[PDB]
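Quick notes on the structure that follows.
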Amino acid sequence: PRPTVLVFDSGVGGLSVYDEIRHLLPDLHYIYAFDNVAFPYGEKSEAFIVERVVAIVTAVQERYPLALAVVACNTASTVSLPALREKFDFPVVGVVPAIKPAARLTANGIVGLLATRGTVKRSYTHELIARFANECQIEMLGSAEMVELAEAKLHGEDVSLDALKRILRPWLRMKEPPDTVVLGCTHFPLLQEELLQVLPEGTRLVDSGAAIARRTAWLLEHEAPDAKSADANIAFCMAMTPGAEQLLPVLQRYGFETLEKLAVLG
Ligand SMILES: CC(=O)N[C@H]1[C@@H](OP(=O)(O)OP(=O)(O)OC[C@H]2O[C@@H](n3ccc(=O)[nH]c3=O)[C@H](O)[C@@H]2O)O[C@H](CO)[C@@H](O)[C@@H]1O[C@H](C)C(=O)N[C@@H](C)C(=O)O
Ligand SMILES: N[C@@H](CCC(=O)O)C(=O)O
C-alpha cells in the first residue's frame with residue numbers, strides 16, 4: 001500500500017502534471033479524475049467552478065481516502081483552493097503560471113504567457129504578472145483553441161501545425177518575440193513538441209510540472225495523512241461518454257489500467 005494521490009483537471013491537461021509527479025514518485029497509488037461533463041472550465045462562472053471541483057474531490061474521497069490532491073488545472077486552482085483547503089484535511093496543491101521563474105530566466109526581458117482564454121482575463125493573473133515580473137515585459141496570449149488541440153492530440157488526432165502558427169501569428173510577427181514562454185495552461189505542455197516546431201528558434205518553454213512534483217513530495221513528507229492503498233492506479237471520468245472512452249489507450253500508456261465513472265453530487 002502506498003499514499004493515494006489525486007490529480008484533477010477539467011480534461012487531459014492534468015496528465016502533464018501527473019507525468020512529472022510520477023517521474024519523481026513512481027510507486028504512489030494515483031487517481032486521475034477529469035471533468036468531461038463540464039469541460040471547458042475557461043468559460044464557466046467561478047461560482048460554478050468552485051462548487052464543482054469541491055464536489056468532485058468529495059466524490060473521489062468517498063472512493064479512496066486521499067493523502068493529497070493536486071488541482072492540476074489553472075482555471076480551477078486559484079478560485080478553488082480556499083474552499084478545498086477548508087473542507088478537506090489533506091494537503092491540496094494548486095497551480096499558477098510559472099511567471100516567477102520565467103522572469104529570472106529571460107535574457108531579452110520579453111516573457112510570453114500562453115494560457116486559455118479565461119485565464120488571461122483573471123485578476124489573479126494580472127496581479128502575479130506585476131508581483132514577480134516587474135523587471136520584464138509580459139506578452140499574454142490566451143487561446144481556448146490550443147486547449148482543444150491538446151485534447152484532440154491525446155484523443156488520437158494529429159495536431160495541425162498550421163492552426164498553431166495561426167494562433168501564434170501575433171508572436172511570429174514580432175521583431176523580438178519572447179525568448180521565454182510560460183505555459184500557463186496544464187494542457188499546453190502536452191503540445192511541447194508542436195510548439196517548439198512553430199515558435200521562433202531559441203524559445204525556452206517553462207511550466208509548473210517539475211515544481212509541482214517537488215511540492216507534492218514535500219507535502220507527502222511533512223503534511224499528508226496516512227491514506228494509502230494497494231489497488232492499481234485508476235482514472236475517473238464524470239460521464240462514460242465516447243469522448244472519455246476514447247482516452248482509454250492514452251490513459252493506459254500513462255499508467256492507469258482502468259477508467260471508471262465517478263458519481264458526483266455537484
Ligand atoms: C516551494 C514554494 O513555496 N513555491 C512557491 C513559490 O514558487 P517559486 O517559483 O519560488 O519556486 P518553485 O516551487 O520551484 O515553483 C516554481 C513555479 O512553479 C509553480 N508552482 C510551484 C509549486 C506549487 O505548489 N504550485 C505551482 O503552481 C509556480 O508558478 C512557481 O512560480 O512561489 C510561487 C508564487 O507565489 C508559488 O506559487 C509556489 O507555490 C506555493 C507552494 C503556493 O503557495 N502556491 C499556491 C498555488 C497555493 O498553494 O495557493
Ligand atoms: N487544464 C486547463 C483547463 C482548460 C479548461 O478547462 O478550460 C487549465 O490548466 O486550466
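Just so we're on the same page: first chain in the C-alpha cells is A, next is B, and so on; residues restart at 1 for each chain, and ligands are numbered from 1 in the order they show up.
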### Message
Need the shell around residue 205 of chain A: protein/DNA/RNA residues with any atom at most 9 Å away, counting only C-alpha atoms. Skip same-chain ones fewer than 2 positions apart. Format as a ChimeraX atom specification?
### Response
/A:102,179-183,189,192,195-196,203,207
Do you have, as a Markdown table, the list of residues of chain A lying at most 7 Å from ligand 2, each with its nearest atom pair and that distance in Å to one decimal, counting only C-alpha atoms and all ligand atoms and ordered by chain then number?
| residue | atom | partner | partner_atom_place_in_ligand_line | distance |
| --- | --- | --- | --- | --- |
| A:9 | CA | ligand 2 | 1 (N) | 5.6 |
| A:10 | CA | ligand 2 | 6 (O) | 4.7 |
| A:11 | CA | ligand 2 | 1 (N) | 6.1 |
| A:12 | CA | ligand 2 | 1 (N) | 6.8 |
| A:13 | CA | ligand 2 | 1 (N) | 4.2 |
| A:14 | CA | ligand 2 | 1 (N) | 6.0 |
| A:39 | CA | ligand 2 | 6 (O) | 5.1 |
| A:40 | CA | ligand 2 | 6 (O) | 3.7 |
| A:41 | CA | ligand 2 | 6 (O) | 3.7 |
| A:42 | CA | ligand 2 | 7 (O) | 3.6 |
| A:43 | CA | ligand 2 | 7 (O) | 6.7 |
| A:72 | CA | ligand 2 | 9 (O) | 6.3 |
| A:73 | CA | ligand 2 | 9 (O) | 3.5 |
| A:74 | CA | ligand 2 | 10 (O) | 3.7 |
| A:75 | CA | ligand 2 | 10 (O) | 3.8 |
| A:76 | CA | ligand 2 | 10 (O) | 6.3 |
| A:116 | CA | ligand 2 | 7 (O) | 6.3 |
| A:144 | CA | ligand 2 | 7 (O) | 6.8 |
| A:147 | CA | ligand 2 | 4 (C) | 6.1 |
| A:184 | CA | ligand 2 | 9 (O) | 6.7 |
| A:185 | CA | ligand 2 | 9 (O) | 3.7 |
| A:186 | CA | ligand 2 | 9 (O) | 4.0 |
| A:187 | CA | ligand 2 | 1 (N) | 4.7 |
### Task
Show me which residues sit within 8 Å of ligand 1 when counting only C-alpha atoms and all ligand atoms, and put them as a list in words.
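Listing the residues within 8 Å of ligand 1 gives residues 77, 78, 81, 82, 92, 93, 94, 95, 96, 97, 98, 99, 100, 101, 128, 132, 207, 208, 209, 210, 211, 212, 213, 214, 215 and 216 of chain A.
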I need the residues from that last selection saved to file as a JSON list (two decimals), in the first residue's frame (with N, CA and C atoms), if you can.
[["chain", "number", "residue", "atom", "x", "y", "z"],
["A", 77, "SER", "N", -7.56, 26.07, -10.05],
["A", 77, "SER", "CA", -6.71, 26.27, -8.89],
["A", 77, "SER", "C", -7.05, 27.50, -8.06],
["A", 78, "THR", "N", -6.66, 28.67, -8.56],
["A", 78, "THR", "CA", -6.90, 29.91, -7.84],
["A", 78, "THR", "C", -8.21, 29.95, -7.07],
["A", 81, "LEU", "N", -8.88, 26.68, -4.39],
["A", 81, "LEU", "CA", -8.02, 26.32, -3.26],
["A", 81, "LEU", "C", -8.56, 26.62, -1.85],
["A", 82, "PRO", "N", -9.01, 27.86, -1.60],
["A", 82, "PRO", "CA", -9.53, 28.16, -0.26],
["A", 82, "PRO", "C", -10.64, 27.20, 0.18],
["A", 92, "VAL", "N", -3.62, 20.21, -0.25],
["A", 92, "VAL", "CA", -4.09, 20.43, -1.61],
["A", 92, "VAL", "C", -3.06, 21.28, -2.34],
["A", 93, "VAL", "N", -2.64, 20.83, -3.51],
["A", 93, "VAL", "CA", -1.67, 21.56, -4.30],
["A", 93, "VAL", "C", -2.38, 22.28, -5.44],
["A", 94, "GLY", "N", -2.00, 23.54, -5.65],
["A", 94, "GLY", "CA", -2.60, 24.32, -6.71],
["A", 94, "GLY", "C", -1.57, 24.64, -7.77],
["A", 95, "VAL", "N", -2.02, 25.29, -8.84],
["A", 95, "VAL", "CA", -1.12, 25.66, -9.94],
["A", 95, "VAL", "C", -1.36, 27.09, -10.42],
["A", 96, "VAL", "N", -0.26, 27.81, -10.59],
["A", 96, "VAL", "CA", -0.33, 29.17, -11.10],
["A", 96, "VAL", "C", 0.75, 29.23, -12.18],
["A", 97, "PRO", "N", 0.54, 30.05, -13.22],
["A", 97, "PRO", "CA", 1.53, 30.16, -14.30],
["A", 97, "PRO", "C", 2.92, 30.43, -13.73],
["A", 98, "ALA", "N", 3.93, 29.74, -14.26],
["A", 98, "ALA", "CA", 5.31, 29.86, -13.80],
["A", 98, "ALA", "C", 6.00, 31.17, -14.20],
["A", 99, "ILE", "N", 5.32, 32.28, -13.96],
["A", 99, "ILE", "CA", 5.87, 33.58, -14.30],
["A", 99, "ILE", "C", 7.13, 33.92, -13.51],
["A", 100, "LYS", "N", 7.12, 33.60, -12.22],
["A", 100, "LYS", "CA", 8.26, 33.88, -11.36],
["A", 100, "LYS", "C", 9.59, 33.32, -11.88],
["A", 101, "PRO", "N", 9.68, 32.00, -12.11],
["A", 101, "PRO", "CA", 10.97, 31.51, -12.62],
["A", 101, "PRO", "C", 11.29, 32.00, -14.03],
["A", 128, "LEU", "N", -0.18, 38.52, -10.52],
["A", 128, "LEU", "CA", 1.06, 37.74, -10.49],
["A", 128, "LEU", "C", 2.08, 38.33, -11.46],
["A", 132, "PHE", "N", 5.91, 39.23, -9.62],
["A", 132, "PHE", "CA", 7.21, 38.61, -9.87],
["A", 132, "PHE", "C", 7.81, 38.88, -11.25],
["A", 207, "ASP", "N", 7.14, 25.59, -17.51],
["A", 207, "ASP", "CA", 5.86, 25.23, -16.92],
["A", 207, "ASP", "C", 6.05, 24.89, -15.45],
["A", 208, "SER", "N", 4.96, 24.50, -14.80],
["A", 208, "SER", "CA", 4.96, 24.21, -13.37],
["A", 208, "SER", "C", 5.14, 22.75, -12.96],
["A", 209, "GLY", "N", 5.17, 21.86, -13.95],
["A", 209, "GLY", "CA", 5.28, 20.42, -13.70],
["A", 209, "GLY", "C", 6.25, 19.89, -12.66],
["A", 210, "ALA", "N", 7.55, 20.08, -12.91],
["A", 210, "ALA", "CA", 8.58, 19.60, -12.00],
["A", 210, "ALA", "C", 8.46, 20.24, -10.62],
["A", 211, "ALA", "N", 8.09, 21.52, -10.58],
["A", 211, "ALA", "CA", 7.94, 22.21, -9.30],
["A", 211, "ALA", "C", 6.76, 21.66, -8.50],
["A", 212, "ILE", "N", 5.71, 21.23, -9.20],
["A", 212, "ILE", "CA", 4.53, 20.67, -8.56],
["A", 212, "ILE", "C", 4.92, 19.33, -7.97],
["A", 213, "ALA", "N", 5.72, 18.59, -8.73],
["A", 213, "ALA", "CA", 6.19, 17.29, -8.29],
["A", 213, "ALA", "C", 6.96, 17.47, -6.98],
["A", 214, "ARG", "N", 7.91, 18.40, -6.97],
["A", 214, "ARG", "CA", 8.70, 18.66, -5.77],
["A", 214, "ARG", "C", 7.81, 19.08, -4.60],
["A", 215, "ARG", "N", 6.83, 19.94, -4.86],
["A", 215, "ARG", "CA", 5.92, 20.38, -3.80],
["A", 215, "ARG", "C", 5.11, 19.19, -3.27],
["A", 216, "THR", "N", 4.74, 18.28, -4.16],
["A", 216, "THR", "CA", 3.97, 17.09, -3.80],
["A", 216, "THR", "C", 4.80, 16.19, -2.89]]
#### Entry: Test item, strand (DSSP E or B) assignment across segment 14-173 of chain A, answer as an MDAnalysis selection string
chainID A and resid 29:34 68:71 92:93 110:115 137:142
Distance table requested - segment 233-262 of chain A against segment 149-163 of chain A, cut-off 10 Å, only C-alpha atoms: one row per qualifying residue with the closest atom pair and its distance in Å to one decimal, ordered by chain and rising residue number, as CSV.
residue,atom,partner,partner_atom,distance
A:243,CA,A:155,CA,7.8
A:244,CA,A:155,CA,8.8
A:245,CA,A:155,CA,9.3
A:246,CA,A:155,CA,6.0
A:247,CA,A:155,CA,5.6
A:248,CA,A:155,CA,8.9
A:249,CA,A:155,CA,8.9
A:250,CA,A:154,CA,6.5
A:251,CA,A:154,CA,9.0
Those same residues, written as a PDB file, in the first residue's frame with N, CA, C and O atoms?
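The result, written out as again-v8.pdb:
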ATOM      1  N   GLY A 243     -16.282  10.247 -25.898  1.00  0.00           N
ATOM      2  CA  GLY A 243     -15.088  11.066 -25.764  1.00  0.00           C
ATOM      3  C   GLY A 243     -14.175  10.601 -24.638  1.00  0.00           C
ATOM      4  O   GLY A 243     -12.968  10.469 -24.822  1.00  0.00           O
ATOM      5  N   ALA A 244     -14.748  10.355 -23.467  1.00  0.00           N
ATOM      6  CA  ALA A 244     -13.973   9.889 -22.328  1.00  0.00           C
ATOM      7  C   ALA A 244     -13.381   8.512 -22.617  1.00  0.00           C
ATOM      8  O   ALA A 244     -12.221   8.241 -22.302  1.00  0.00           O
ATOM      9  N   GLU A 245     -14.186   7.643 -23.219  1.00  0.00           N
ATOM     10  CA  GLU A 245     -13.744   6.289 -23.535  1.00  0.00           C
ATOM     11  C   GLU A 245     -12.574   6.295 -24.517  1.00  0.00           C
ATOM     12  O   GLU A 245     -11.675   5.459 -24.426  1.00  0.00           O
ATOM     13  N   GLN A 246     -12.576   7.255 -25.436  1.00  0.00           N
ATOM     14  CA  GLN A 246     -11.511   7.356 -26.424  1.00  0.00           C
ATOM     15  C   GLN A 246     -10.146   7.666 -25.815  1.00  0.00           C
ATOM     16  O   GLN A 246      -9.127   7.555 -26.494  1.00  0.00           O
ATOM     17  N   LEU A 247     -10.128   8.058 -24.547  1.00  0.00           N
ATOM     18  CA  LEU A 247      -8.872   8.356 -23.859  1.00  0.00           C
ATOM     19  C   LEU A 247      -8.251   7.111 -23.231  1.00  0.00           C
ATOM     20  O   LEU A 247      -7.102   7.142 -22.779  1.00  0.00           O
ATOM     21  N   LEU A 248      -9.005   6.014 -23.211  1.00  0.00           N
ATOM     22  CA  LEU A 248      -8.525   4.787 -22.594  1.00  0.00           C
ATOM     23  C   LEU A 248      -7.095   4.379 -22.951  1.00  0.00           C
ATOM     24  O   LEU A 248      -6.282   4.160 -22.062  1.00  0.00           O
ATOM     25  N   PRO A 249      -6.769   4.270 -24.252  1.00  0.00           N
ATOM     26  CA  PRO A 249      -5.407   3.877 -24.630  1.00  0.00           C
ATOM     27  C   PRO A 249      -4.313   4.815 -24.096  1.00  0.00           C
ATOM     28  O   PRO A 249      -3.269   4.355 -23.639  1.00  0.00           O
ATOM     29  N   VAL A 250      -4.554   6.122 -24.150  1.00  0.00           N
ATOM     30  CA  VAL A 250      -3.576   7.089 -23.650  1.00  0.00           C
ATOM     31  C   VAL A 250      -3.492   6.984 -22.130  1.00  0.00           C
ATOM     32  O   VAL A 250      -2.397   6.958 -21.562  1.00  0.00           O
ATOM     33  N   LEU A 251      -4.643   6.899 -21.468  1.00  0.00           N
ATOM     34  CA  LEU A 251      -4.652   6.764 -20.022  1.00  0.00           C
ATOM     35  C   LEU A 251      -3.846   5.525 -19.617  1.00  0.00           C
ATOM     36  O   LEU A 251      -3.093   5.550 -18.637  1.00  0.00           O
TER      37      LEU A 251
END
Determine, counting only C-alpha atoms, which protein, DNA and RNA residues have an atom within 8 Å of an atom of residue 49 of chain A; residues of the same chain fewer than 3 positions away are not included. Present the result as a compact mmCIF listing (two decimals) with N, CA and C atoms, in the first residue's frame.
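Writing done, so here's result21.txt:
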# COMPACT_ATOMS: atom_id res chain seq x y z
N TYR A 41 -13.58 24.57 -18.49
CA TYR A 41 -13.78 25.44 -17.33
C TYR A 41 -13.51 26.92 -17.68
N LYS A 44 -16.77 28.79 -17.99
CA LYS A 44 -17.62 28.70 -16.81
C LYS A 44 -17.50 29.80 -15.76
N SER A 45 -18.59 30.01 -15.03
CA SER A 45 -18.65 31.00 -13.96
C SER A 45 -17.80 30.49 -12.81
N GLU A 46 -17.12 31.40 -12.11
CA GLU A 46 -16.28 31.00 -10.99
C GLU A 46 -17.07 30.33 -9.87
N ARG A 52 -18.22 22.83 -8.18
CA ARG A 52 -17.98 21.63 -8.97
C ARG A 52 -16.72 20.88 -8.55
N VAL A 53 -15.61 21.60 -8.42
CA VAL A 53 -14.36 20.95 -8.04
C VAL A 53 -14.44 20.39 -6.61
N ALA A 76 -8.97 26.38 -12.47
CA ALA A 76 -9.67 25.94 -11.25
C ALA A 76 -8.88 26.22 -9.98
N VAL A 79 -9.32 30.04 -7.80
CA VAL A 79 -10.63 30.14 -7.20
C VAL A 79 -11.08 28.99 -6.29
N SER A 80 -10.53 27.79 -6.49
CA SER A 80 -10.94 26.62 -5.71
C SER A 80 -10.13 26.24 -4.47
### Query
Skipping near chain neighbours, those fewer than 4 positions away, what residues fall within 12 Å of residue 255 of chain A using only C-alpha atoms, listed as a list in words?
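In the requested format, the answer is residues 15, 18, 19, 22, 23, 26, 27, 28, 29, 30, 31, 32, 232, 233, 234, 235, 248, 249, 250, 251 and 259 of chain A.
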Those residues with N, CA and C atoms, as an mmCIF file, in the first residue's frame please?
data_model
loop_
_atom_site.group_PDB
_atom_site.id
_atom_site.type_symbol
_atom_site.label_atom_id
_atom_site.label_comp_id
_atom_site.auth_asym_id
_atom_site.auth_seq_id
_atom_site.Cartn_x
_atom_site.Cartn_y
_atom_site.Cartn_z
ATOM 1 N N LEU A 15 -2.711 15.433 -17.001
ATOM 2 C CA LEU A 15 -1.734 14.394 -17.275
ATOM 3 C C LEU A 15 -0.305 14.918 -17.411
ATOM 4 N N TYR A 18 0.746 15.219 -13.810
ATOM 5 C CA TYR A 18 0.867 13.885 -13.256
ATOM 6 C C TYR A 18 2.150 13.216 -13.753
ATOM 7 N N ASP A 19 2.447 13.379 -15.036
ATOM 8 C CA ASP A 19 3.634 12.776 -15.627
ATOM 9 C C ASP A 19 4.903 13.176 -14.860
ATOM 10 N N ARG A 22 4.727 11.506 -11.208
ATOM 11 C CA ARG A 22 5.048 10.082 -11.202
ATOM 12 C C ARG A 22 6.513 9.817 -11.518
ATOM 13 N N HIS A 23 7.138 10.713 -12.272
ATOM 14 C CA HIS A 23 8.543 10.530 -12.599
ATOM 15 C C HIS A 23 9.360 10.670 -11.314
ATOM 16 N N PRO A 26 7.164 7.458 -8.498
ATOM 17 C CA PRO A 26 6.590 6.372 -9.299
ATOM 18 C C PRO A 26 5.749 5.262 -8.663
ATOM 19 N N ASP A 27 5.831 5.075 -7.349
ATOM 20 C CA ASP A 27 5.079 3.980 -6.734
ATOM 21 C C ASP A 27 3.782 4.334 -6.008
ATOM 22 N N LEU A 28 3.368 5.594 -6.059
ATOM 23 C CA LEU A 28 2.147 6.007 -5.372
ATOM 24 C C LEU A 28 0.896 5.391 -5.981
ATOM 25 N N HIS A 29 -0.208 5.464 -5.243
ATOM 26 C CA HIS A 29 -1.490 4.970 -5.738
ATOM 27 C C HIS A 29 -2.132 6.214 -6.336
ATOM 28 N N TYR A 30 -2.036 6.349 -7.649
ATOM 29 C CA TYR A 30 -2.583 7.516 -8.318
ATOM 30 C C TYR A 30 -4.024 7.378 -8.785
ATOM 31 N N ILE A 31 -4.758 8.469 -8.638
ATOM 32 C CA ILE A 31 -6.131 8.544 -9.096
ATOM 33 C C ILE A 31 -6.159 9.770 -9.990
ATOM 34 N N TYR A 32 -6.566 9.588 -11.240
ATOM 35 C CA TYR A 32 -6.673 10.713 -12.154
ATOM 36 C C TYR A 32 -8.158 10.933 -12.382
ATOM 37 N N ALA A 232 -4.455 -0.763 -7.880
ATOM 38 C CA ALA A 232 -3.731 -0.196 -9.010
ATOM 39 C C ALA A 232 -4.248 1.208 -9.315
ATOM 40 N N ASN A 233 -3.476 1.968 -10.085
ATOM 41 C CA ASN A 233 -3.863 3.326 -10.446
ATOM 42 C C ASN A 233 -5.179 3.298 -11.206
ATOM 43 N N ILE A 234 -6.013 4.303 -10.986
ATOM 44 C CA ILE A 234 -7.300 4.349 -11.668
ATOM 45 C C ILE A 234 -7.654 5.754 -12.162
ATOM 46 N N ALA A 235 -8.382 5.812 -13.275
ATOM 47 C CA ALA A 235 -8.816 7.079 -13.843
ATOM 48 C C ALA A 235 -10.333 7.164 -13.710
ATOM 49 N N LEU A 248 -9.005 6.014 -23.211
ATOM 50 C CA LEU A 248 -8.525 4.787 -22.594
ATOM 51 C C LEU A 248 -7.095 4.379 -22.951
ATOM 52 N N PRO A 249 -6.769 4.270 -24.252
ATOM 53 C CA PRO A 249 -5.407 3.877 -24.630
ATOM 54 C C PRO A 249 -4.313 4.815 -24.096
ATOM 55 N N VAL A 250 -4.554 6.122 -24.150
ATOM 56 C CA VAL A 250 -3.576 7.089 -23.650
ATOM 57 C C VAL A 250 -3.492 6.984 -22.130
ATOM 58 N N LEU A 251 -4.643 6.899 -21.468
ATOM 59 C CA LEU A 251 -4.652 6.764 -20.022
ATOM 60 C C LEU A 251 -3.846 5.525 -19.617
ATOM 61 N N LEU A 259 -10.577 2.875 -16.392
ATOM 62 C CA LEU A 259 -11.304 4.136 -16.465
ATOM 63 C C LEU A 259 -12.718 3.828 -15.986
#
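In this model, the gap between atom CA of residue 111 of chain A and atom CA of residue 202 of chain A comes to 12.9 Å.
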### Message
Residues near residue 89 of chain A, anyone? I mean within 12 Å using only C-alpha atoms, not counting same-chain ones fewer than 5 positions away, as a list in words.
### Response
residues 57, 58, 61, 65, 66, 67, 68, 69, 83, 84, 223, 224, 225, 226 and 227 of chain A
#### Entry: Nearest to residue 105 of chain A by atom-to-atom distance, counting only C-alpha atoms, from A:120, A:139, A:37, A:204
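Among A:120, A:139, A:37, A:204, it is A:204 that comes nearest to residue 105 of chain A.
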### Query
Hey, what does DSSP flag as alpha helix (DSSP H) within segment 73-187 of chain A? Can you give it to me as number ranges by chain?
A: 74-87, 99-105, 123-131, 144-154, 161-167, 169-172
Convert the current residue selection to file output with C-alpha atoms, as a PDB file, in the first residue's frame.
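Full text of result_30.pdb as output:
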ATOM      1  CA  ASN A  74      -5.099  26.749 -13.872  1.00  0.00           C
ATOM      2  CA  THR A  75      -8.729  27.725 -14.482  1.00  0.00           C
ATOM      3  CA  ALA A  76      -9.665  25.941 -11.252  1.00  0.00           C
ATOM      4  CA  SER A  77      -6.714  26.275  -8.885  1.00  0.00           C
ATOM      5  CA  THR A  78      -6.897  29.913  -7.842  1.00  0.00           C
ATOM      6  CA  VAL A  79     -10.634  30.136  -7.197  1.00  0.00           C
ATOM      7  CA  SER A  80     -10.938  26.621  -5.705  1.00  0.00           C
ATOM      8  CA  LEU A  81      -8.025  26.318  -3.260  1.00  0.00           C
ATOM      9  CA  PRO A  82      -9.527  28.157  -0.256  1.00  0.00           C
ATOM     10  CA  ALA A  83     -12.748  26.125  -0.420  1.00  0.00           C
ATOM     11  CA  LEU A  84     -10.892  22.834  -0.872  1.00  0.00           C
ATOM     12  CA  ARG A  85      -8.449  23.517   1.943  1.00  0.00           C
ATOM     13  CA  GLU A  86     -11.342  24.345   4.255  1.00  0.00           C
ATOM     14  CA  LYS A  87     -13.342  21.210   3.509  1.00  0.00           C
ATOM     15  CA  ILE A  99       5.871  33.584 -14.303  1.00  0.00           C
ATOM     16  CA  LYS A 100       8.259  33.884 -11.359  1.00  0.00           C
ATOM     17  CA  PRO A 101      10.971  31.512 -12.617  1.00  0.00           C
ATOM     18  CA  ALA A 102      10.473  32.655 -16.217  1.00  0.00           C
ATOM     19  CA  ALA A 103      11.278  36.222 -15.151  1.00  0.00           C
ATOM     20  CA  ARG A 104      14.626  35.049 -13.759  1.00  0.00           C
ATOM     21  CA  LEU A 105      15.431  33.073 -16.915  1.00  0.00           C
ATOM     22  CA  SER A 123      -7.301  39.375 -11.856  1.00  0.00           C
ATOM     23  CA  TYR A 124      -5.248  36.661 -10.151  1.00  0.00           C
ATOM     24  CA  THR A 125      -3.162  36.533 -13.324  1.00  0.00           C
ATOM     25  CA  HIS A 126      -2.674  40.267 -13.949  1.00  0.00           C
ATOM     26  CA  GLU A 127      -1.527  40.524 -10.334  1.00  0.00           C
ATOM     27  CA  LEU A 128       1.057  37.737 -10.491  1.00  0.00           C
ATOM     28  CA  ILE A 129       2.437  39.403 -13.620  1.00  0.00           C
ATOM     29  CA  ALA A 130       3.184  42.536 -11.605  1.00  0.00           C
ATOM     30  CA  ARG A 131       4.379  40.756  -8.460  1.00  0.00           C
ATOM     31  CA  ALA A 144      -9.125  28.194 -25.956  1.00  0.00           C
ATOM     32  CA  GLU A 145      -8.364  26.639 -29.347  1.00  0.00           C
ATOM     33  CA  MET A 146      -4.953  25.452 -28.182  1.00  0.00           C
ATOM     34  CA  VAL A 147      -6.662  23.635 -25.319  1.00  0.00           C
ATOM     35  CA  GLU A 148      -8.767  21.816 -27.914  1.00  0.00           C
ATOM     36  CA  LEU A 149      -5.687  20.972 -29.955  1.00  0.00           C
ATOM     37  CA  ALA A 150      -4.231  19.315 -26.853  1.00  0.00           C
ATOM     38  CA  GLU A 151      -7.488  17.442 -26.221  1.00  0.00           C
ATOM     39  CA  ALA A 152      -7.557  16.297 -29.851  1.00  0.00           C
ATOM     40  CA  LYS A 153      -3.962  15.114 -29.672  1.00  0.00           C
ATOM     41  CA  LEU A 154      -4.496  12.813 -26.697  1.00  0.00           C
ATOM     42  CA  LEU A 161       0.795  22.930 -37.226  1.00  0.00           C
ATOM     43  CA  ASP A 162      -0.889  25.499 -39.461  1.00  0.00           C
ATOM     44  CA  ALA A 163      -3.571  26.011 -36.807  1.00  0.00           C
ATOM     45  CA  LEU A 164      -0.823  26.587 -34.230  1.00  0.00           C
ATOM     46  CA  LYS A 165       1.042  29.047 -36.446  1.00  0.00           C
ATOM     47  CA  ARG A 166      -2.193  30.978 -36.870  1.00  0.00           C
ATOM     48  CA  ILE A 167      -2.805  31.094 -33.131  1.00  0.00           C
ATOM     49  CA  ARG A 169       0.816  34.607 -35.567  1.00  0.00           C
ATOM     50  CA  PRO A 170       0.919  37.668 -33.242  1.00  0.00           C
ATOM     51  CA  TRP A 171       4.205  36.436 -31.785  1.00  0.00           C
ATOM     52  CA  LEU A 172       5.660  35.258 -35.086  1.00  0.00           C
TER      53      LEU A 172
END
### Task
Extract, using only C-alpha atoms, all DNA, RNA and protein residues at most 9 Å from residue 60 of chain A, discarding same-chain residues fewer than 3 positions from it, and format them as an NGL selection string.
:A and (6 or 31 or 33 or 55-57 or 63-66 or 236 or 262-264)
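Across the model, the gap from atom CA of residue 230 of chain A to atom CA of residue 25 of chain A is 15.2 Å.
You can rank A:117, A:265, A:175, A:240 by their closest distance to residue 141 of chain A using only C-alpha atoms, and at the top of that list sits A:117.
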### Message
Restricting the calculation to only C-alpha atoms: of A:36, A:108, A:91, A:142, which residue gets closest to residue 188 of chain A?
### Response
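Ranking A:36, A:108, A:91, A:142 by distance to residue 188 of chain A, first place goes to A:142.
Atom pair atom CA of residue 138 of chain A / atom CA of residue 198 of chain A has a distance of 19.7 Å (rounded to one decimal).
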